[PDB]
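As a starting point, one isolated chain is supplied in C-alpha cells, in the form deposited in one PDB entry.
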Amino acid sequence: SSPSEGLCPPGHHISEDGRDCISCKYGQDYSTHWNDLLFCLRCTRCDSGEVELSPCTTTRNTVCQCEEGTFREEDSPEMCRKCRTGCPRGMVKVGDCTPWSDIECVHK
C-alpha cells in the first residue's frame, strides 16, 4: 500500500524512508488510526487472573477482563482485586461483583 498524505491506514505503519505502508503483524502489534509510526504498538497480554475478552487485531488492541469474583477499578488498574463476599452488618446489597466493580452495599 501507498502512504496517503504522509500517513498509513490503521493496521499498518510507514517505512523508514516513507514510501510504503507495511502491515502490522496480527497477534503481535497493531495501530488504530492513520499514523506515521515507524513501528506498530504492541498487543497487551492479559495476565494470570484475567481472561481475554477479544484478541488483538492489527487495528484493535486486546481487551482483557478480570476473572470471575475479582474486579479492577480506576484507582486499581494493575491487579484484579477480590470482591467482598457479603455486605457489612445490616446493610443491603444493591450491586453485584463484576470485573469492573466490587459489590455495592447501601443503608436503611
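In case it trips you up, residue 1 is the first one in the sequence shown, and so on. Rigid core here is just the name for the largest C-alpha set that superposes within 1.5 Å across the two forms.
*Asks:* Output the stretch having the higher mean C-alpha B factor in the entry; the candidates are 18-26 and 89-97.
*Replies:* Mean CA B-factor is higher for 18-26.
*Asks:* For the higher mean C-alpha B factor in the entry, choose 76-84 or 59-67.
*Replies:* Averaged over C-alpha atoms, the B-factors run higher in 59-67.
*Asks:* Quick check for you: using the entry's CA B-factors within this chain, is residue 38 in the lowest, middle or highest third?
*Replies:* CA B-factor rank for residue 38: highest third.
*Asks:* Compared with the other modelled residues in the chain, in which third is the CA B-factor of residue 7?
*Replies:* Middle third, going by the recorded CA B-factors of the chain.
*Asks:* Per the entry's values, where does residue 103 land by CA temperature factor relative to the rest of its chain, in the lowest, middle or highest third?
*Replies:* Lowest third.
*Asks:* By the record's CA B-factor, is residue 54 among the lowest, middle or highest third of residues in the chain?
*Replies:* CA B-factor rank for residue 54: middle third.
The protein also exists as the form deposited in another entry; that form is not presented, and the subsequent description refers to it.
*Asks:* On a rigid core superposition, would residue 25 pass a 2 Å threshold for CA movement between the shown form and the other one?
*Replies:* The answer is no; the displacement is under 2 Å.
*Asks:* Relative to the superposed rigid core, does residue 51 relocate between the shown form and the other one - that is, does its Cα move 2 Å or more?
*Replies:* False for residue 51: its C-alpha shift is below 2 Å.
*Asks:* Classify residue 79 as shifted (yes) or not shifted (no) between the shown form and the other one, where shifted means its C-alpha moves by 2 Å or more with the rigid core superposed.
*Replies:* Yes, shifts by 2 Å or more.
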